[PDB]
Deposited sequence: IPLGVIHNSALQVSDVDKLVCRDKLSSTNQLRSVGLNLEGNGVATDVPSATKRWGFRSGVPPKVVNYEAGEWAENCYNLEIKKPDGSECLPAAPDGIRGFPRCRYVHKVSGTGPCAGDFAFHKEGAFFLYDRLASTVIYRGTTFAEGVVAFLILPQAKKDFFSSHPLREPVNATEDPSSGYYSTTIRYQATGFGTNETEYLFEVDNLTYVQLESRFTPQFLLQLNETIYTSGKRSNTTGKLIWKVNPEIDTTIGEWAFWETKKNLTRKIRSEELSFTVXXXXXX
């Protein structure tokens, strides 16, 4: 498993056949396992694009590996999926396995899917990051982040990187439903309340989902009936591919279970 070292003011993979005595490992505290989130390489963080990278498979047993320090995440996921016939699709979090400690938005997906497999893996070879544990599989109802682990040796100029030396941690669950989970043909609705779902598209960002929550609530479009209201949005709001670390709604709706528009 390759090991980072800093030579000539640049990080490189260190090579075993000729490591050299100037290098200095004075304690174990110089070695770090670090968990980087996949967002930071600029994969799409939206729920239907994220889900496309996961699949069910059987006959591969799950493996867990510890890491010491993680990235603050923007996007995490929390899956509770049932098969159509009420059966549990994702195995319970084993003892000691906690949701990822720092998420800005937790995409809490409930729904049903075919789930043709024992366990749910990352199709691209990546890991599900939990609390200082990386696993190969998704556990039921446990918040995770997609990402990857690196190992390095710090020089003892920098031994305290990560270890030692705060405007606060703010979180927000975002509920969704979905049918056909894990196939190419899946439907997602975003929950505002019990019966007020909004039909979901890729381009919709969390911020805008929260303002849409703030618009249906505020402007009284929450179904007063006791039937499922299924809203929709006009394809008349544009963005034109801007990652989240780089750097507001005046419409209304028309009525038509109750598959309306906006």
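Residues of the deposited sequence lacking C-alpha coordinates fall in the stretches 166-177, 253-254, 262-269, numbered from 1.
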